[PDB]
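Okay, start_23.pdb is below, PDB, C-alpha atoms:
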```
MODEL        1
ATOM      1  CA  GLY A   1     164.935  91.679  79.476
ATOM      2  CA  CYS A   2     166.369  91.916  82.965
ATOM      3  CA  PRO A   3     168.577  88.903  83.844
ATOM      4  CA  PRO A   4     168.365  87.046  87.227
ATOM      5  CA  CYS A   5     168.442  89.435  90.184
ATOM      6  CA  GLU A   6     171.296  87.433  91.700
ATOM      7  CA  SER A   7     173.517  89.519  89.454
ATOM      8  CA  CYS A   8     173.669  93.296  88.856
ATOM      9  CA  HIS A   9     173.559  95.963  91.588
ATOM     10  CA  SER A  10     176.839  94.824  93.100
ATOM     11  CA  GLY A  11     176.127  91.209  92.274
ATOM     12  CA  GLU A  12     178.440  88.911  90.322
ATOM     13  CA  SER A  13     180.403  90.127  87.313
ATOM     14  CA  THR A  14     178.455  93.017  85.844
ATOM     15  CA  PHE A  15     178.241  92.832  82.064
ATOM     16  CA  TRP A  16     175.568  95.392  81.211
ATOM     17  CA  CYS A  17     174.493  96.401  84.718
ATOM     18  CA  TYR A  18     176.951  99.304  84.642
ATOM     19  CA  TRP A  19     175.842 100.275  81.151
ATOM     20  CA  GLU A  20     172.158  99.552  80.645
ATOM     21  CA  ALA A  21     171.454  99.036  84.334
ATOM     22  CA  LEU A  22     167.742  98.660  83.627
ATOM     23  CA  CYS A  23     167.430  95.452  85.616
ATOM     24  CA  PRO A  24     164.832  95.656  88.443
ATOM     25  CA  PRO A  25     165.173  93.270  91.434
ATOM     26  CA  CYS A  26     162.853  90.303  91.918
TER      27      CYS A  26
ENDMDL
END
```
Rewrite the structure from the file as structure tokens, please.
Amino acid sequence: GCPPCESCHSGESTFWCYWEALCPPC
């Protein structure tokens, strides 16, 4: 499950966005 698109891709503190990174934008 991809968390809110406000994070990840140079957004907020990246927890798994540098690792899994499978979080498409809204």
(request) Would you mind reading off the distance between CA of residue 24 in chain A and CA of residue 5 in chain A, one decimal, in Å? (result)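 Taking CA of residue 24 in chain A and CA of residue 5 in chain A, their separation equals 7.4 Å.
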(message) Counting all atoms listed in the file, I want the residues whose atoms come within 10 Å of (174.3, 95.3, 92.0) in the file frame, returned as a list in words.
(response)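 It turns out the residues near that spot are residues 5, 6, 7, 8, 9, 10, 11, 12, 13, 14, 17, 18, 21, 23 and 25 of chain A.
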(message) Once the PyMOL selection byres ((chain A and resi 1) around 9) is applied to the coordinates I shared, what remains selected? I want it as a list in words.
(response)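 Against this file, the PyMOL selection byres ((chain A and resi 1) around 9) returns the residues residues 2, 3, 22 and 23 of chain A.
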Once 3 Å is added on each side, what centre and edge lengths in Å to one decimal does the axis-aligned box around all listed atoms of range 15-25 of chain A have, as JSON?
```
{"center_x": 171.5, "center_y": 96.6, "center_z": 86.0, "size_x": 19.4, "size_y": 13.4, "size_z": 16.8}
```
Please produce range 4-26 of chain A, completed to N, CA, C and O atoms, as a compact mmCIF listing (two decimals), in the frame of the given file.
```txt
# COMPACT_ATOMS: atom_id res chain seq x y z
N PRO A 4 168.57 87.42 85.82
CA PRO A 4 168.36 87.05 87.23
C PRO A 4 168.89 88.10 88.20
O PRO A 4 169.98 88.64 88.02
N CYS A 5 168.12 88.36 89.24
CA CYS A 5 168.44 89.44 90.18
C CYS A 5 169.56 89.04 91.15
O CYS A 5 169.89 89.79 92.07
N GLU A 6 170.14 87.86 90.93
CA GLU A 6 171.30 87.43 91.70
C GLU A 6 172.53 88.19 91.23
O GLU A 6 173.52 88.32 91.96
N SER A 7 172.46 88.69 90.01
CA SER A 7 173.52 89.52 89.45
C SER A 7 173.06 90.97 89.38
O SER A 7 171.90 91.27 89.69
N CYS A 8 173.97 91.87 88.99
CA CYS A 8 173.67 93.30 88.86
C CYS A 8 173.44 93.93 90.23
O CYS A 8 173.06 93.25 91.19
N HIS A 9 173.69 95.23 90.33
CA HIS A 9 173.56 95.96 91.59
C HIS A 9 174.51 95.39 92.63
O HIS A 9 174.09 94.96 93.71
N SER A 10 175.78 95.36 92.26
CA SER A 10 176.84 94.82 93.10
C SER A 10 176.63 93.33 93.32
O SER A 10 176.73 92.82 94.44
N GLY A 11 176.31 92.64 92.24
CA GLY A 11 176.13 91.21 92.27
C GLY A 11 176.76 90.54 91.07
O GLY A 11 176.42 90.85 89.93
N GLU A 12 177.69 89.64 91.35
CA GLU A 12 178.44 88.91 90.32
C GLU A 12 179.19 89.86 89.39
O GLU A 12 179.28 91.07 89.64
N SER A 13 179.75 89.32 88.32
CA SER A 13 180.40 90.13 87.31
C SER A 13 179.35 90.88 86.51
O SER A 13 178.48 90.27 85.89
N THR A 14 179.42 92.20 86.54
CA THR A 14 178.46 93.02 85.84
C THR A 14 178.85 93.19 84.38
O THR A 14 179.94 93.66 84.07
N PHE A 15 177.96 92.77 83.49
CA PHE A 15 178.24 92.83 82.06
C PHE A 15 177.58 94.05 81.43
O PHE A 15 178.22 94.81 80.71
N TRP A 16 176.30 94.24 81.73
CA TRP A 16 175.57 95.39 81.21
C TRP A 16 174.88 96.16 82.33
O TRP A 16 174.14 97.11 82.08
N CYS A 17 175.14 95.77 83.57
CA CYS A 17 174.49 96.40 84.72
C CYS A 17 175.10 97.77 85.01
O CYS A 17 174.50 98.60 85.69
N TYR A 18 176.30 98.01 84.49
CA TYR A 18 176.95 99.30 84.64
C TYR A 18 176.66 100.19 83.43
O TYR A 18 176.93 101.39 83.43
N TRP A 19 176.07 99.58 82.41
CA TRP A 19 175.84 100.28 81.15
C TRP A 19 174.36 100.52 80.92
O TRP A 19 173.91 101.66 80.83
N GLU A 20 173.59 99.44 80.82
CA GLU A 20 172.16 99.55 80.64
C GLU A 20 171.51 99.80 81.99
O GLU A 20 170.78 100.78 82.18
N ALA A 21 171.80 98.88 82.92
CA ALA A 21 171.45 99.04 84.33
C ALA A 21 169.95 99.00 84.58
O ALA A 21 169.49 99.21 85.71
N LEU A 22 169.19 98.70 83.54
CA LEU A 22 167.74 98.66 83.63
C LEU A 22 167.28 97.26 84.02
O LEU A 22 166.51 96.63 83.30
N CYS A 23 167.76 96.79 85.16
CA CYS A 23 167.43 95.45 85.62
C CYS A 23 166.85 95.51 87.03
O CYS A 23 167.59 95.48 88.01
N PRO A 24 165.52 95.60 87.15
CA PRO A 24 164.83 95.66 88.44
C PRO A 24 164.98 94.35 89.23
O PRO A 24 165.03 93.27 88.64
N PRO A 25 165.07 94.44 90.56
CA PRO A 25 165.17 93.27 91.43
C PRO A 25 163.90 92.43 91.41
O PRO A 25 162.85 92.90 90.97
N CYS A 26 163.99 91.21 91.90
CA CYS A 26 162.85 90.30 91.92
C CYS A 26 161.91 90.66 93.06
O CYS A 26 162.19 90.27 94.21
```
